[PDB]
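A.B. asks: Handing you this structure, nothing more for now.
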Amino acid sequence: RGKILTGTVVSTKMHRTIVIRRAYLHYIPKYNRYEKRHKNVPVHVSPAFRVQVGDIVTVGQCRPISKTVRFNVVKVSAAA
Amino acid sequence: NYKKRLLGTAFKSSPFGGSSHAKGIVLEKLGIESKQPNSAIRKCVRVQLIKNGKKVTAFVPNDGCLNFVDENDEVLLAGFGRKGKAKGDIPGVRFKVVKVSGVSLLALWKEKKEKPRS
RNA sequence: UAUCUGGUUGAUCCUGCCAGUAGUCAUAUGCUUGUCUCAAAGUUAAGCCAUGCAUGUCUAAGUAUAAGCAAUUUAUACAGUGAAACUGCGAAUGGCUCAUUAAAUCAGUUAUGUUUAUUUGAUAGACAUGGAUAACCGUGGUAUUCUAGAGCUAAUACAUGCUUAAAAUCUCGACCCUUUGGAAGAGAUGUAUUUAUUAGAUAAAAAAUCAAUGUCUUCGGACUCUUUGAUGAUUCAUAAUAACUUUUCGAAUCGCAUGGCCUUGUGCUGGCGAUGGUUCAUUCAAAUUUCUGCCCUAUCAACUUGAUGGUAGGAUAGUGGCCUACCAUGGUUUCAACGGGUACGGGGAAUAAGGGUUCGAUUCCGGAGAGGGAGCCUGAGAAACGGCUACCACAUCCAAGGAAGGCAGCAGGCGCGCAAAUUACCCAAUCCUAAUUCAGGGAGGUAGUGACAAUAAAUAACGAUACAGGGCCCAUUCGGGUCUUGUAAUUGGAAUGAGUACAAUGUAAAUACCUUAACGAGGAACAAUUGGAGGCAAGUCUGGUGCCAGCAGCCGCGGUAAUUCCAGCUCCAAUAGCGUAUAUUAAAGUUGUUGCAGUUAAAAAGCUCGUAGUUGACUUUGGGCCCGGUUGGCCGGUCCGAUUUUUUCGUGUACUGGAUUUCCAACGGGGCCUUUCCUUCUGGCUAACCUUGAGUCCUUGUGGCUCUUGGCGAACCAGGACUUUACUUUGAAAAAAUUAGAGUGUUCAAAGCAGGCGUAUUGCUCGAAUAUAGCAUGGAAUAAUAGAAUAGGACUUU
RNA sequence: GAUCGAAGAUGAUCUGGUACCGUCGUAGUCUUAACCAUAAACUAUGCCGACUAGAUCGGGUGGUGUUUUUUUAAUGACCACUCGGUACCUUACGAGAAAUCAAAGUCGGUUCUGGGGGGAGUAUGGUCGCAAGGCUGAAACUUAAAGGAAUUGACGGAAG
RNA sequence: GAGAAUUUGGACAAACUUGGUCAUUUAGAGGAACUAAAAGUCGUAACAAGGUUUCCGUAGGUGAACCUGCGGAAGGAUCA
RNA sequence: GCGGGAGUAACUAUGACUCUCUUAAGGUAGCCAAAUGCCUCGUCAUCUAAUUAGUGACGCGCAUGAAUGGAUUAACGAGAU
């Protein structure tokens, strides 16, 4: 996986964990036009909770503190 | 993905499966006439299959006008009309009858001739 | 790298569909039927199954049938210090099948929170005791399954920890203490197996480090908490950061061979091999999870409450909605949710020039299933094909009380069907299972069956002589040369495949034996058929039949002179195969990604307008993001060794070619994104560019001249290094030449080269990270003040 | 509801005449509001931008010369250009099967549409409509061709 | 202190039975249409200017191909 | 107010079409065995222990037919199986 991808926040209510949507730019093989995807990726923030909805955050691997939540976000960039 | 709606090539055969021939218990032996350009009464049989269970009419060529393919004959049925187009003189038939074959081997071969077999 | 033909017409050229030529199939059918090697062989009802077989093995885990005791059986040289019995270990391996599964399945690449019989490395300990119990014996209840009372007996099966002659030395904690020590307990026992700091987190019991009591004291010092938790600290583990990846946990069991001294309650000790309980590794294997890519149908558009997620406990080997209570109202979706239909997936297999299209047999890897539906135990591993229990349907046995069963394991039976093989042989070889011997294996290694296909031999071919006919070269015309549709009791023979007798050879449990030479005998290249003859598509004449009998892939032929029917003779093409049928692909540029048309042949929506979406004129730039490579990791061939070998196997290295398409990194882009100016009296103040291009040197490749071939000068290509003139904000100048000063990124770690010295250290280069007009605002310098960290000095009732 | 007329009613014509023709005449034709929404709805040629010789109508400028003419505005006459629309005509290069085109040659960015004829713009469902009907939209099966461009000749109640 | 059997309570998985709703297949009273096939019936619609030029869309009417109103096209020469 | 008699197509079987008589002159779109049918347990499928209703058609119309109207077609009932 490695490199830091995009990820804007969709769901915000709870403590610690949020959900982000990622986007990619893939070729569909017979078309050779680009597409875009959706993926529900749950991702842990901090016990402080600094994210809002909209924030582009730096994703990367960390501990599974939940089985699906292997990702953490360290640096918040935007605010909404 | 994209493509316009293409249909794959279809053999005009009411039996299907993945089988070359087929058995059939028959109903009747008919002697039907033909279309405009040619006369003569051409022989046929009403073959009903066992596996597929479809009613088809099949042309029976033979060197025997009233050759044995009776009412309850276990006759083997092949192509010819599946392969190529359907026959011009007597239409409807697109199946040809095979000689001395199947499990029981009831339908007889070409008689009264002594050239090589076929 | 790709060659088209025939049929729409009176004829022609386009458009266009159809038919045919080719390669291929677990094949099927007609016909003919002579062999072999190798390979393959239920596609239909994951339908129902009879019978036999597919799961055992050790006595090397023990008492040890002596001493003492019934009956029976086996062995011997004599002793038999005897066994076949009851216990323990495997049945989760291996084999079979694709019902199911658009899936957290599977396929690329990875990631963390676990488990792990057996195997493998290393330390210490391995003491002292107790009670039952089959087998067995005499009896007893049943149709069978299944067993009842009673007596004797072993263990590494099972359960306590009672007893303490003798008992060193060290460490640690409570009770008790003149604090000196004493009583009692638990652990340890020569040499050996990654760290530091911080943030978050569960439970019973015991303990360390401490808070909260209190006491004694020669006042030096030393004692001290039912319970409770930690401001703090310790211990195990994870994350983050300093370089990364993999592996890793919880309560004893002895038996055996050999032997000197010593001791003995006569069962120690020493040496050696092996096992069991703990502690920490290691190898192999299995779990769990993140991200990306997924088939069609939108004549399927709304779906989703244990649903998205947090909080807590509860549960698990562990991460976890795995689960519940409470709270918030979200989550998914046209980038296709959800539903319906269909389907195992990949390495791969066929076809093609490639692009692609169509498939997922055999082999190999992964998942899922064991009559149907349910549940559990046993165990390290199973919610278990040949394990267990209850229930249902079927077929079967039965003394009618009641029992016993599941071939999607092998061989076979019935039914289904175009259709697919023996109720065979065996543990030798390989591999798996159990100290070795050795035993078990319907795994497997083999055999049998069928032109099922490929392959080779292939459907037969020689030296010599006599005679007759037509064509051509040459001819002195007399003949001679070369050459074969016939012919002869022709002559000399030679030759395979197979059988049989004898010899010789290798593995064997069985069926069929291989190879060479001599002699005799038999058969003979083990009987050649199938298909076509109008055009497409090599090949015509005569009789017979008369729209009948018949053939037909296409267009058509047959009703009196039929090259198409039918038979003959007469021809062509291939051959142990030939034709037909199935179906995929090619032909097909006819679903066009590579590689298609729309004035009249089929085809521009009646016309405007506009959203999502797709596309984007343009200057200067680095970073960021994304797409696209090229190179290295696996397999095959070649290289090397053995060998007869280009068979084949094994190891190491290099080169070359092919594949899984996802991650990391370096190097140059393309596409995507960013302003004259800027508080004000007043002075207007302060500062600057990537790069391109040219020159020089060095290195590489090409060509010319020259050498048998290996040398030389010049030009040009590409790469690297070196190189400033230069650029700019300002001052002094009468102007101005000119001149004087300053600048042309920052930070950190290591390694190399470079001044002066041993070094240090500085500068430059190489590689990363980060950012890319200033004066409202923010940082630094400077000053003040508050908090924290670090270093040094003066002090200290520290 | 004037002017002419589907349907409807008589007369004539013919073998028949439910037509052409002649006499009459209803709905329509006109109007407001509302609806259905189609045409052989046409250039049978999508929209937008750049390259390649030759008319006419409107705007703007020039003609140091000539004419109009008595508010002289002549806007003109007639000629030079320069631009947009471009009835269109005609034509070389070039393309195509050809007639022809003058881009329907040829190019891109983007969207629509075609894959033999008959069955079929039908069947059925959905959707819209008051209703006639529109929109979307197949298969069984049948067949071996349908079709375009271009030629020759016979014939005409065709012409010379 | 342990094992077997019985009773009560809690929570989980799936089957079975009944009712409603939707899709598919077969049988099927009955109903509408097409294709192929000789001869027929009635008219001459189309085909030359077929003796009213045709065809297509749409509306009304007729035994019948059809006729008529309205619009348009060249699928009548020529750019109507 | 809206007709009769006679002749006629491969083959069982039928009358497209044609002729003749009579009268003023002889019917369309759409439907059928009726609040109307002599003939008729007609003729066929499905249902039912029998089942003619339910529901599927047949054609054999004594004697269907567009304004004191055919035909499209939703809501409502102390009314009918």
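Order determines the names: the first chain of the structure tokens is A, the second B, and so forth; residues in each chain are numbered 1 upward, and ligands are numbered 1 upward as they are shown.
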May I have the residues within 8 Å of range 74-83 of chain B as a PDB file with C-alpha atoms (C1' of nucleotides), in the first residue's frame, using only C-alpha atoms (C1' of nucleotides) and disregarding those fewer than 3 positions away in the same chain?
C.D. replies:
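Just written: around23.pdb:
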```
ATOM      1  CA  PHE B  11     -28.489 -23.528 -35.558  1.00  0.00           C
ATOM      2  CA  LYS B  12     -32.149 -23.876 -36.574  1.00  0.00           C
ATOM      3  CA  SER B  13     -32.629 -27.116 -34.678  1.00  0.00           C
ATOM      4  CA  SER B  20     -24.423 -35.031 -32.447  1.00  0.00           C
ATOM      5  CA  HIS B  21     -27.328 -37.409 -32.977  1.00  0.00           C
ATOM      6  CA  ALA B  22     -30.404 -38.458 -31.018  1.00  0.00           C
ATOM      7  CA  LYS B  23     -32.711 -41.453 -30.595  1.00  0.00           C
ATOM      8  CA  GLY B  24     -36.425 -41.157 -31.193  1.00  0.00           C
ATOM      9  CA  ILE B  25     -39.357 -43.526 -30.880  1.00  0.00           C
ATOM     10  CA  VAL B  26     -41.339 -42.099 -33.864  1.00  0.00           C
ATOM     11  CA  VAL B  47     -39.397 -38.444 -34.979  1.00  0.00           C
ATOM     12  CA  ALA B  58     -36.869 -35.960 -40.853  1.00  0.00           C
ATOM     13  CA  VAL B  69     -38.889 -47.157 -40.344  1.00  0.00           C
ATOM     14  CA  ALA B  86     -32.686 -26.326 -45.071  1.00  0.00           C
ATOM     15  CA  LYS B  87     -33.742 -28.285 -48.135  1.00  0.00           C
ATOM     16  CA  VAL B  93     -37.079 -31.190 -43.010  1.00  0.00           C
ATOM     17  CA  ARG B  94     -33.596 -30.227 -41.912  1.00  0.00           C
ATOM     18  CA  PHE B  95     -32.787 -33.563 -40.326  1.00  0.00           C
ATOM     19  CA  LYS B  96     -31.728 -36.709 -42.210  1.00  0.00           C
ATOM     20  CA  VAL B  97     -32.226 -40.304 -41.041  1.00  0.00           C
ATOM     21  CA  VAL B  98     -29.209 -42.538 -40.363  1.00  0.00           C
ATOM     22  CA  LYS B  99     -29.069 -46.236 -41.338  1.00  0.00           C
ATOM     23  CA  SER B 101     -27.919 -47.393 -35.761  1.00  0.00           C
ATOM     24  CA  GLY B 102     -28.804 -46.594 -32.153  1.00  0.00           C
ATOM     25  CA  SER B 104     -31.756 -51.364 -30.967  1.00  0.00           C
ATOM     26  CA  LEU B 105     -30.834 -50.965 -34.686  1.00  0.00           C
ATOM     27  CA  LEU B 106     -34.365 -51.305 -36.098  1.00  0.00           C
ATOM     28  CA  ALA B 107     -34.235 -49.002 -39.142  1.00  0.00           C
TER      29      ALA B 107
ATOM     30  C1'   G C 553     -24.191 -28.239 -48.709  1.00  0.00           C
ATOM     31  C1'   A C 581     -22.738 -35.421 -37.656  1.00  0.00           C
TER      32        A C 581
END
```
A.B. asks: Tell me which protein, DNA and RNA residues are within 12 Å of residue 398 in chain C, counting only C-alpha atoms (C1' of nucleotides), leaving out same-chain ones fewer than 3 positions away, and put them as a list in words.
C.D. replies: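 Once the nearby chain positions are removed, what remains is residues 143, 144, 401, 402, 403 and 404 of chain C.
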A.B. asks: List the spatial neighbours of range 1-6 of chain A as a PyMOL selection string - criterion: any atom at most 10 Å away, only C-alpha atoms (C1' of nucleotides), same-chain residues fewer than 2 positions off excluded.
C.D. replies: (chain A and resi 8+20-24+56-61) or (chain C and resi 109-111+290-292+625+662-664)
A.B. asks: Considering only C-alpha atoms (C1' of nucleotides), extract the chain A residues located within 12 Å of chain C and return them as an MDAnalysis selection string.
C.D. replies: chainID A and resid 1:6 10:20 22:44 46:47 60:72 74
A.B. asks: For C1' of residue 6 in chain C and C1' of residue 587 in chain C, quote the distance in Å rounded to one decimal.
C.D. replies: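 These atoms are spaced 14.7 Å apart.
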A.B. asks: Ranking E:22, E:32, E:45, E:38 by minimum distance to chain B and counting only C-alpha atoms (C1' of nucleotides), which one comes first?
C.D. replies: E:38
A.B. asks: Enter the distance from CA of residue 38 in chain B to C1' of residue 13 in chain F, in Å, rounded to one decimal.
C.D. replies: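 Distance reported for this atom pair: 28.4 Å.
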A.B. asks: Would you mind listing what lies within 12 Å of residue 96 in chain D as a PyMOL selection string, with only C-alpha atoms (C1' of nucleotides) counted and same-chain residues fewer than 4 positions away left out?
C.D. replies: (chain C and resi 14) or (chain D and resi 100-101+104-105+149)
A.B. asks: Would you export the selected residues with N, CA, C and O atoms (P, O5', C5', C4', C3', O3' and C1' of nucleotides) as a PDB file, in the first residue's frame, please?
C.D. replies:
```
ATOM      1  P     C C  14     -16.499  -4.398 -57.948  1.00  0.00           P
ATOM      2  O5'   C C  14     -16.959  -3.115 -57.147  1.00  0.00           O
ATOM      3  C5'   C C  14     -17.571  -3.231 -55.856  1.00  0.00           C
ATOM      4  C4'   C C  14     -18.434  -2.004 -55.528  1.00  0.00           C
ATOM      5  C3'   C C  14     -19.232  -2.192 -54.241  1.00  0.00           C
ATOM      6  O3'   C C  14     -18.411  -1.877 -53.110  1.00  0.00           O
ATOM      7  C1'   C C  14     -20.721  -1.532 -55.899  1.00  0.00           C
TER       8        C C  14
ATOM      9  P     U D 100     -23.077  13.574 -63.910  1.00  0.00           P
ATOM     10  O5'   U D 100     -23.993  13.937 -62.674  1.00  0.00           O
ATOM     11  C5'   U D 100     -23.748  15.091 -61.856  1.00  0.00           C
ATOM     12  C4'   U D 100     -23.551  14.727 -60.372  1.00  0.00           C
ATOM     13  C3'   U D 100     -22.744  15.771 -59.596  1.00  0.00           C
ATOM     14  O3'   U D 100     -23.580  16.886 -59.258  1.00  0.00           O
ATOM     15  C1'   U D 100     -21.865  13.667 -59.110  1.00  0.00           C
ATOM     16  P     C D 101     -22.883  18.280 -58.956  1.00  0.00           P
ATOM     17  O5'   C D 101     -22.136  18.039 -57.588  1.00  0.00           O
ATOM     18  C5'   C D 101     -22.865  17.870 -56.367  1.00  0.00           C
ATOM     19  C4'   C D 101     -21.889  17.626 -55.208  1.00  0.00           C
ATOM     20  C3'   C D 101     -20.899  18.764 -54.977  1.00  0.00           C
ATOM     21  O3'   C D 101     -21.549  19.812 -54.245  1.00  0.00           O
ATOM     22  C1'   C D 101     -19.714  16.741 -54.971  1.00  0.00           C
ATOM     23  P     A D 104     -20.220  19.263 -46.553  1.00  0.00           P
ATOM     24  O5'   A D 104     -20.911  17.915 -47.031  1.00  0.00           O
ATOM     25  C5'   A D 104     -20.546  16.669 -46.406  1.00  0.00           C
ATOM     26  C4'   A D 104     -20.370  15.533 -47.429  1.00  0.00           C
ATOM     27  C3'   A D 104     -19.287  15.747 -48.508  1.00  0.00           C
ATOM     28  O3'   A D 104     -18.382  14.627 -48.548  1.00  0.00           O
ATOM     29  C1'   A D 104     -21.267  15.003 -49.514  1.00  0.00           C
ATOM     30  P     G D 105     -16.937  14.765 -47.914  1.00  0.00           P
ATOM     31  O5'   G D 105     -16.063  15.211 -49.150  1.00  0.00           O
ATOM     32  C5'   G D 105     -15.848  14.321 -50.257  1.00  0.00           C
ATOM     33  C4'   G D 105     -14.487  14.601 -50.909  1.00  0.00           C
ATOM     34  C3'   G D 105     -13.259  14.286 -50.041  1.00  0.00           C
ATOM     35  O3'   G D 105     -12.981  12.883 -50.070  1.00  0.00           O
ATOM     36  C1'   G D 105     -13.004  16.417 -50.973  1.00  0.00           C
ATOM     37  P     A D 149     -30.335   4.655 -57.955  1.00  0.00           P
ATOM     38  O5'   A D 149     -28.851   4.569 -58.493  1.00  0.00           O
ATOM     39  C5'   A D 149     -27.932   5.640 -58.240  1.00  0.00           C
ATOM     40  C4'   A D 149     -26.618   5.388 -58.989  1.00  0.00           C
ATOM     41  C3'   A D 149     -26.744   5.313 -60.515  1.00  0.00           C
ATOM     42  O3'   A D 149     -26.743   6.636 -61.071  1.00  0.00           O
ATOM     43  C1'   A D 149     -25.491   3.480 -59.761  1.00  0.00           C
TER      44        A D 149
END
```
A.B. asks: Name the residues of chain B that come out as strand (DSSP E) in a backbone DSSP run; write them as a ChimeraX atom specification.
C.D. replies: /B:22-24,29-32,42-48,55-59,75-77
A.B. asks: Find the residues near residue 27 in chain F: any atom within 12 Å, counting only C-alpha atoms (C1' of nucleotides), skip ones fewer than 5 places away on the same chain, and give them as a VMD selection string.
C.D. replies: (chain E and resid 62 to 63) or (chain F and resid 1 to 2 65 to 66)
A.B. asks: Neighbours of residue 15 in chain E within 12 Å (only C-alpha atoms (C1' of nucleotides); same-chain residues fewer than 3 positions away dropped), as a PyMOL selection string?
C.D. replies: chain C and resi 372-374+391-392
A.B. asks: I need the chosen residues saved as a PDB file, in the first residue's frame, with N, CA and C atoms (P, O5', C5', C4', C3', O3' and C1' of nucleotides).
C.D. replies:
```pdb
ATOM      1  P     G C 372     -27.267 -34.868   1.536  1.00  0.00           P
ATOM      2  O5'   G C 372     -28.667 -34.522   2.204  1.00  0.00           O
ATOM      3  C5'   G C 372     -29.708 -34.043   1.335  1.00  0.00           C
ATOM      4  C4'   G C 372     -30.993 -33.784   2.125  1.00  0.00           C
ATOM      5  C3'   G C 372     -30.866 -32.864   3.336  1.00  0.00           C
ATOM      6  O3'   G C 372     -30.843 -31.497   2.899  1.00  0.00           O
ATOM      7  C1'   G C 372     -32.190 -34.729   3.902  1.00  0.00           C
ATOM      8  P     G C 373     -29.743 -30.508   3.459  1.00  0.00           P
ATOM      9  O5'   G C 373     -30.266 -30.261   4.935  1.00  0.00           O
ATOM     10  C5'   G C 373     -31.314 -29.291   5.116  1.00  0.00           C
ATOM     11  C4'   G C 373     -31.978 -29.466   6.483  1.00  0.00           C
ATOM     12  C3'   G C 373     -31.069 -29.355   7.708  1.00  0.00           C
ATOM     13  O3'   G C 373     -30.744 -27.985   7.978  1.00  0.00           O
ATOM     14  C1'   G C 373     -32.460 -31.200   7.973  1.00  0.00           C
ATOM     15  P     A C 374     -29.421 -27.698   8.815  1.00  0.00           P
ATOM     16  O5'   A C 374     -29.728 -28.337  10.240  1.00  0.00           O
ATOM     17  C5'   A C 374     -30.669 -27.646  11.078  1.00  0.00           C
ATOM     18  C4'   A C 374     -30.794 -28.313  12.444  1.00  0.00           C
ATOM     19  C3'   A C 374     -29.504 -28.324  13.246  1.00  0.00           C
ATOM     20  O3'   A C 374     -29.278 -27.020  13.795  1.00  0.00           O
ATOM     21  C1'   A C 374     -30.530 -30.427  13.399  1.00  0.00           C
ATOM     22  P     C C 391     -36.105 -40.623  17.734  1.00  0.00           P
ATOM     23  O5'   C C 391     -36.315 -39.458  16.681  1.00  0.00           O
ATOM     24  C5'   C C 391     -37.315 -38.456  16.927  1.00  0.00           C
ATOM     25  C4'   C C 391     -37.435 -37.514  15.723  1.00  0.00           C
ATOM     26  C3'   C C 391     -37.858 -38.188  14.417  1.00  0.00           C
ATOM     27  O3'   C C 391     -39.275 -38.414  14.430  1.00  0.00           O
ATOM     28  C1'   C C 391     -36.056 -36.731  13.991  1.00  0.00           C
ATOM     29  P     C C 392     -39.896 -39.525  13.485  1.00  0.00           P
ATOM     30  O5'   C C 392     -39.615 -38.982  12.023  1.00  0.00           O
ATOM     31  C5'   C C 392     -40.453 -37.939  11.500  1.00  0.00           C
ATOM     32  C4'   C C 392     -40.038 -37.592  10.067  1.00  0.00           C
ATOM     33  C3'   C C 392     -40.112 -38.752   9.076  1.00  0.00           C
ATOM     34  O3'   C C 392     -41.482 -38.983   8.717  1.00  0.00           O
ATOM     35  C1'   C C 392     -38.108 -37.561   8.740  1.00  0.00           C
TER      36        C C 392
END
```
